[PDB]
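Okay, so here's the structure we're looking at.
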Amino acid sequence: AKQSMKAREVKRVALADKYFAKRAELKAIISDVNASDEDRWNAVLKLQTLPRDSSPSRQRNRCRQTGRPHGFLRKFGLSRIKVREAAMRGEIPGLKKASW
Amino acid sequence: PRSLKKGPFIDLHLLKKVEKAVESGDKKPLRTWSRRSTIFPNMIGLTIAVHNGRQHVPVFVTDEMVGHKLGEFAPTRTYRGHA
Amino acid sequence: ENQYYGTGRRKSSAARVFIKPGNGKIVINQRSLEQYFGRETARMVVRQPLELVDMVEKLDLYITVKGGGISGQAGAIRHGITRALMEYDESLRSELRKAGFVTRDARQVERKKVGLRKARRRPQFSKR
Amino acid sequence: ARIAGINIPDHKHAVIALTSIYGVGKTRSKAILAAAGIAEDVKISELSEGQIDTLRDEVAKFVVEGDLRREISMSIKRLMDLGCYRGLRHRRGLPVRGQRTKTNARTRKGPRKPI
Amino acid sequence: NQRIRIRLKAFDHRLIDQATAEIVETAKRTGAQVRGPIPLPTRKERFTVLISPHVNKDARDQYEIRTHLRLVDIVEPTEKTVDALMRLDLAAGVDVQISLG
Amino acid sequence: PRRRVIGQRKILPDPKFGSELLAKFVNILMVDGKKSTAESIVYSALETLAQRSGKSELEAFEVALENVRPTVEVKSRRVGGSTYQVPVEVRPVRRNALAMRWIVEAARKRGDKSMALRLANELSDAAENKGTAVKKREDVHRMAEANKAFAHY
Amino acid sequence: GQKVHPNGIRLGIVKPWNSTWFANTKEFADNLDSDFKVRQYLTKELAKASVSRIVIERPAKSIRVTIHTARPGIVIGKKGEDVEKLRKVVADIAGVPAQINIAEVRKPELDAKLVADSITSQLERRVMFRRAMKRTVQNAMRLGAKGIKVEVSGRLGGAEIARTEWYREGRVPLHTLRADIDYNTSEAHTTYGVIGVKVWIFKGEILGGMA
RNA sequence: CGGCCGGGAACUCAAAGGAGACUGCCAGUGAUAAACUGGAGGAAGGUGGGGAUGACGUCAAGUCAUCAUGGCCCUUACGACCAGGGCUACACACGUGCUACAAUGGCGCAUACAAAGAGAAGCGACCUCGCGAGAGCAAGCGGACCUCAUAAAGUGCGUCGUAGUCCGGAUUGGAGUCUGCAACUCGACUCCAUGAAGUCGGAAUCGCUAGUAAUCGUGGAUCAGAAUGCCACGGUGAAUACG
RNA sequence: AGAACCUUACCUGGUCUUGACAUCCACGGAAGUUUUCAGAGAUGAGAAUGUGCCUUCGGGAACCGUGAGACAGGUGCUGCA
Ligand SMILES: [Mg+2]
Ligand SMILES: [Mg+2]
Ligand SMILES: [Mg+2]
Ligand SMILES: [Mg+2]
Ligand SMILES: [Mg+2]
Ligand SMILES: [Mg+2]
Ligand SMILES: [Mg+2]
Ligand SMILES: [Mg+2]
Ligand SMILES: [Mg+2]
Ligand SMILES: [Mg+2]
Ligand SMILES: [Mg+2]
Ligand SMILES: [Mg+2]
Ligand SMILES: [Mg+2]
Ligand SMILES: [Mg+2]
Ligand SMILES: [Mg+2]
Ligand SMILES: [Mg+2]
Ligand SMILES: [Mg+2]
Ligand SMILES: [Mg+2]
Ligand SMILES: [Mg+2]
Ligand SMILES: [Mg+2]
Ligand SMILES: [Mg+2]
Ligand SMILES: [Mg+2]
Ligand SMILES: [Mg+2]
Ligand SMILES: [Mg+2]
Ligand SMILES: [Mg+2]
Ligand SMILES: [Mg+2]
Ligand SMILES: [Mg+2]
Ligand SMILES: [Mg+2]
Ligand SMILES: [Mg+2]
Ligand SMILES: [Mg+2]
Ligand SMILES: [Mg+2]
Ligand SMILES: [Mg+2]
């Protein structure tokens, strides 16, 4: 995909790691059963204030060699085409064509 | 629906705009892009211009609208018939 | 006595049969044949080898089975009893082979294949 | 045999017979019978009027029949008058719970009419 | 003394058995008692990927990464045996995890 | 097929009576591989049929098959540019197969409450030559005798 | 039609993997990514060093890169300097420490990758495709290839319509799994586009296998 | 009264390496042949079963939107960032699937038997609460050990008695749970209530030669959440091939 | 091999122009961390916390911002190059 899209993914990862602790604690107080209701409301407001991209559910896995936003495989971090290419070239250890 | 234990959601910017307008008695329509905020009783009587994606549509908030979302009062697709 | 032993396998089932002379008791997995096989076809299939040899009431067979289902376990038990009886005499060979109980049925589920909704069933074909 | 104006069938096991009431499903039927203290299997035959009156009380607990119909219609009217999207869908006779409309919406659209 | 367990994981059968043979034989030679090898069940992942860059949904490739596991249990260790095992180096690309007790 | 090399699939005798005819009947009545329920229905139907008739436990079944067995049938054939209906004599295995198939169809096409009752009543009616399967057999034989003129082709 | 990659189908039978290491799911992808970056850098930096094969192994917390090349002296440089700089930058790319070994391929004309590189270089340097491919087969058969096949494809000589042409001497059985068929590929970027060159070299069969 | 625990390497099993099956033997057919049919023995008999493997070439087949590239074109915009909307519309048509139309069944109670996989910003047990989706506390497990995870069809007992039904579940109102900055357009699931069409489907047309068709459940990839699709696993398990 | 946002390539509107993404050059500051306001956000104004490492003590490296250029960038057309 576009260089801008790949850079956008990098930016999202950076923000996500930057605001991890605050997001976690704010979520904890928000969902805490035995918590002050006013405190929970304040926590919800703070969480809304926090940057959107900080959320770890706004980042999409992309092929690490092209950027294809579809057909990702977490085991290798690549898309189907690149996985096949590397598998044939014997660069993925252990991967072999199998029949049963 | 949103879980009861989390409460009814509202965007902070809309919260502050409505608070200032209601306290100061202002009647200018509030131009908002937040279609996800929940209509709370403190906003009753205010005119809110919720964006439909092309133009803000004014909606006169009323007692019967409490609890609904703002976006539920701004149709985003124009259908006027095939034939 | 000698505890003549035989392993039997059918579909994905495995049964270990121990034969010992005496009464005609058949205990399967610490349960009775009647309790273990509510299916009378399965009970008859387990009875088959003992009937042909005609040594049914004179042998106590303990059987432990795993895997498969009702009919798979029944077949595994039958094959194991065949092998164990062979262990017991080795004269029965002609009779049991001619009956067909000695053979280990090799039929197995075919693998699901790419492009086919099932092992051989193919998606419906529209001409246009 | 008369419960909020309905002619409960006199040959069907109580709970199923009580299901006839608009507002009394199988769950509520079981609840009503259990609260009254009557076996589910016994049919209306062999049920004395006294048991019928206890069942009448238990049914009276729940909102059933014309009142329930009224509540449903008034809820739809509230949605329609409010001017919301659900009201627009109830006004155009199209799926209101977000089902697809390009095809396979015949239950709401009614039997098909050619072009 | 608690026995020491060595779990060897590899993608190759012959390589993992060569490393296992080295270990068990060394243990036997250095006066240790070894209860191995045990061929634990081998994992086999599978992956199915479209080989056509565009459409052609039915053209696929199935691949597999077979992971073999061998367990060598050395009961009653000795300093001599342990030192021999330490100074013995195993073929690379073969993972070895040592549980102690 | 083209190679004309077919090996008959050997079946096993029914566990209760040891009749391959009964085994085939159970298979024909079976649906979705529910052999347990088809075999239960066949056994129950045989029991009630034996009681109703007043005979042995397999001879009523044989009588019904004897009455519904077709001797001849029609094969479509194109010999000389004409779409002839050639009456061919069917081999005994096919005779039995067709008889059982028709019996099962007639039973399934009845009005009674349960499959065992339907099967029993259909077998009784076939034994007394008054049922749907026997009517189908008579129709087939009438059709063949009508076009007997084209027996060669 | 479409044929399976020879090395791919033969991997584990008569062919070894280029990458040989173990890693759990937590770091398998990271290892693959580092491998790709290292191979790319080394291939570009040694484009003029006749590098035939980059075998990457990952012993413990280190990375050993073995470069199979036909020109060891260029890669090594005077008293190891070039190896040292390559190692020092491979260590940067990998993160973990790195070591580099050099393996000479004695007869480059029997190496599929090197043959493809030669043909590609000639095509880019303006030579007749037929002459180039014929000259590489002749040299391969001379050096003793049991069989060889070269396929050039795409706008040969600047022709408007792309065409495919291939020569083949000896025997190259591609359906025999026990056969040793070293196959590789190259692309020549010329003024009229990309010309693809595929080279198969059959160098005998393997019975014992030995993986 | 649990392989649980001393104990035993017997057996299932777990892999790794080997033996075995080749018309090898017998009889017949056949041209002193290839070859075919039948038989013995055998776990398997004639390619034992299944898969990977796709010749020279045809379709200027498809992909410049995975990628790389020639030529062209834009450069305060056809490049870049952001919020909201759209890809989810709806008079209609075509294609592929799921659910049914009931009694070989629905509902209720008790009860039995699998296989293959996944898990660390993960699987999440036990105990308590909730009708339920779930919640609180929290063991264990980078796993033949811990969890996902009770398989369903079946069997036994009762009821239903051929109804538009105790079949069918669409639609719809109310009230909820979870993930998530946020479920209005536009999620999944739960409970309560409503019970459309449908009573076996024209011409035509598709799949399938045996553990196959048919039927019943299970797992995985993608994934914070979101399969009736895709890919795999097993349980029960046929009819027919005269030509 | 899985569109609420993100994906996203489309539309509305708000914005930027050596640039979201690189190499080079010059200048100025370690980066980094914490909070206020304006705005739908993108950014703009600010404020405290901030002096890290080699250091041949000449200053450098990483990092950030500014400024001019070569250039970047294109999911824009041709699969009949
Ligand atoms: Mg690009
Ligand atoms: Mg996502
Ligand atoms: Mg034989
Ligand atoms: Mg939907
Ligand atoms: Mg595992
Ligand atoms: Mg292919
Ligand atoms: Mg034979
Ligand atoms: Mg072949
Ligand atoms: Mg563009
Ligand atoms: Mg957007
Ligand atoms: Mg779409
Ligand atoms: Mg279906
Ligand atoms: Mg029943
Ligand atoms: Mg149902
Ligand atoms: Mg489950
Ligand atoms: Mg049942
Ligand atoms: Mg129902
Ligand atoms: Mg309901
Ligand atoms: Mg009707
Ligand atoms: Mg009906
Ligand atoms: Mg049907
Ligand atoms: Mg066939
Ligand atoms: Mg299924
Ligand atoms: Mg999963
Ligand atoms: Mg998911
Ligand atoms: Mg199956
Ligand atoms: Mg979007
Ligand atoms: Mg614009
Ligand atoms: Mg083409
Ligand atoms: Mg092409
Ligand atoms: Mg074309
Ligand atoms: Mg053109």
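Same order as they appear, the protein sequences are chains O, T, J, N, K, H and D. Residues 2 to 101, numbered by the authors' numbering, are exactly what the first sequence covers, in order. Residues 2 to 84, numbered by the authors' numbering, are exactly what the second sequence covers, in order. Residues 3 to 130, numbered by the authors' numbering, are exactly what the third sequence covers, in order. Residues 2 to 116, numbered by the authors' numbering, are exactly what the fourth sequence covers, in order. Residues 3 to 103, numbered by the authors' numbering, are exactly what the fifth sequence covers, in order. Residues 2 to 154, numbered by the authors' numbering, are exactly what the sixth sequence covers, in order. Residues 2 to 212, numbered by the authors' numbering, are exactly what the seventh sequence covers, in order. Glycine residues also receive a C-beta, built at the ideal position from the N, C-alpha and C atoms.
Does any CB atom of chain O fall closer than 9 Å to the CB of T:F10?
-> So, interface residue.
For D:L124 versus O:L79, is the C-beta distance shorter than 9 Å?
-> No.
Selection from D:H190, D:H176 and D:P60 that minimises the alpha carbon distance to D:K4 = Of the listed residues, the one whose Cα sits closest to D:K4 is D:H176.
With respect to 8 Å, is the separation between the Cβ of O:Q4 and the closest non-hydrogen atom of ligand 1 below this value?
-> Result yes, Cβ under 8 Å from ligand 1.
Looking at the C-beta of K:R37, does it have a partner C-beta in chain J at a distance below 9 Å?
-> No, because no Cβ of chain J sits closer than 9 Å to the Cβ of K:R37.
D:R107 burial status per 10 Å Cβ neighbour count (16 or more: buried) = Around the Cβ of D:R107, a 10 Å sphere holds fewer than 16 other Cβ atoms; the residue is exposed.
Listed from N- to C-terminal order along the chain, which residues in the segment 39-73 of chain H have their beta-carbon within a distance smaller than 8 Å of any beta-carbon of chain J?
-> Among the residues of the segment 39-73 of chain H, those with a Cβ less than 8 Å away from any Cβ of chain J are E40, in the order of the chain.
Pick helix, strand or coil for H:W103, following the three-state DSSP scheme.
-> In the structure shown, H:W103 adopts helical secondary structure according to DSSP, grouped into three states.
Flag O:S58 as yes when its Cβ comes closer than 8 Å to any non-hydrogen atom of ligand 2, and as no otherwise.
-> O:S58: yes, Cβ under 8 Å from ligand 2.
How would you call D:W22, buried or exposed, if buried means at least 16 neighbouring beta carbons within 10 angstroms?
-> Label assigned to D:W22: buried.
For ligand 3, is there a heavy atom less than 8 Å away from the beta-carbon of D:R143?
-> No, the Cβ of D:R143 stays beyond 8 Å of every heavy atom of ligand 3.
Sorry if obvious, but does the Cβ on K:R48 come closer than 8 Å to a heavy atom of ligand 5?
-> Result no, Cβ not under 8 Å from ligand 5.
Under the rule that 16 or more other beta-carbon atoms within 10 Å means buried, what is H:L120, buried or exposed?
-> So H:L120 ends up on the buried side.
In the DSSP assignment, find the alpha helix (DSSP H) that holds D:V138 and state where it starts and stops.
-> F130 to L144 is the span of the alpha helix (DSSP H), which, as asked, contains D:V138.
So does N:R101 have its beta carbon nearer than 8 Å to some heavy atom of ligand 4?
-> For ligand 4, at least one heavy atom lies less than 8 Å from the Cβ of N:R101.
Could you give the distance in angstroms between the alpha-carbon of D:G145 and the alpha-carbon of D:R136?
-> Annotation: D:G145 to D:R136 spans about 14 Å, alpha carbon to alpha carbon.
Of the listed residues J:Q50, J:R45, J:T84 and J:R130, nearest to J:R18 (C-alpha basis) | Residue nearest to J:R18 within the set J:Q50, J:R45, J:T84 and J:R130 is J:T84 (criterion: CA-CA distance).
Beta-carbon separation of T:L71 and T:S35 under 9 Å?
-> Their beta carbons are under 9 Å apart, which means T:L71 touches T:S35 by this criterion.
In angstroms with no decimal places, state the Cα-to-Cα distance between H:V75 and H:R95.
-> Going from the Cα of H:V75 to the Cα of H:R95 covers about 13 Å.
Any idea if H:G82 is buried or exposed, counting beta-carbon neighbours within 10 angstroms, 16 or more meaning buried?
-> Classification for H:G82: exposed.
In chain order, which continuous runs of the alpha helix (DSSP H) of length 4 or greater are located wholly inside the segment 7-76 of chain J?
-> List check, alpha helix (DSSP H) in window: 35-38 and 42-55.
Any non-hydrogen atom of ligand 5 closer than 8 Å to O:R65 Cβ | No; taking the cut-off as 8 Å, the Cβ of O:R65 has no heavy atom of ligand 5 nearer than that.
Beta-carbon proximity check, J:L54 vs J:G26, cutoff 9 Å = Contact flag unset, no.
In whole angstroms, what separates the C-alpha of D:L111 from that of D:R143?
-> Cα-Cα distance, rounded: 10 Å.
On the three-state DSSP scale, how would you describe K:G95?
-> Assignment of K:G95 by DSSP, reduced to helix, strand and coil, places it in the coil class.
Counting only beta-carbon atoms, is J:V111 nearer than 9 Å to chain K?
-> No, its Cβ sits nowhere closer than 9 Å to a Cβ of chain K.
Rounded separation between D:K204 and D:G210 - CA only | CA-to-CA, the gap between D:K204 and D:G210 works out to about 14 Å.
Please find out if some non-hydrogen atom of ligand 2 comes closer than 8 Å to the beta-carbon of O:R85.
-> No, ligand 2 has no heavy atom inside 8 Å of this Cβ.
Less than 8 Å between the CB of H:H153 and some heavy atom of ligand 8, yes or no?
-> H:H153 Cβ: outside cutoff for every heavy atom of ligand 8.
Under 7 Å Cβ to Cβ from D:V138, same chain only, skipping five residues before and after it: list those, please.
-> Scanning its chain for C-beta atoms nearer than 7 Å, with the 5 sequence neighbours on each side dropped, one finds around D:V138 the residues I149, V151, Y168 and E170, in chain order.
Closer than 8 Å: H:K36 CB and nearest ligand 26 heavy atom | For ligand 26, not one heavy atom lies less than 8 Å from the Cβ of H:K36.
Take J:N31 and list the residues in its own chain whose beta-carbon comes closer than 8 Å to its own, dropping the five residues that flank it on each side.
-> Setting aside the 5 residues that flank it on each side, J:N31 is surrounded in the same chain by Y38, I65, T66 and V67, each with a C-beta closer than 8 Å to its C-beta; the list follows chain order.
Looking only at C-alpha atoms, which of T:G68, T:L47 and T:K29 sits nearest to T:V62?
-> Closest option to T:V62, judged by alpha-carbon separation, among T:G68, T:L47 and T:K29: T:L47.
Using a Cβ cut-off of 9 Å (strictly closer), state whether residue 1 of chain N contacts chain T.
-> Here chain N comprises residues numbered 2 to 116, so residue 1 of chain N is not present and cannot be evaluated.
Identify the contact partners of J:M46 in chain H, using a Cβ-Cβ distance below 9 Å as the criterion.
-> Simply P16 and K17.
Can you find a CB in chain T that lies within less than 9 Å of the CB of N:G84?
-> Taking Cβ atoms only, chain T reaches closer than 9 Å to N:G84, which makes this a yes.
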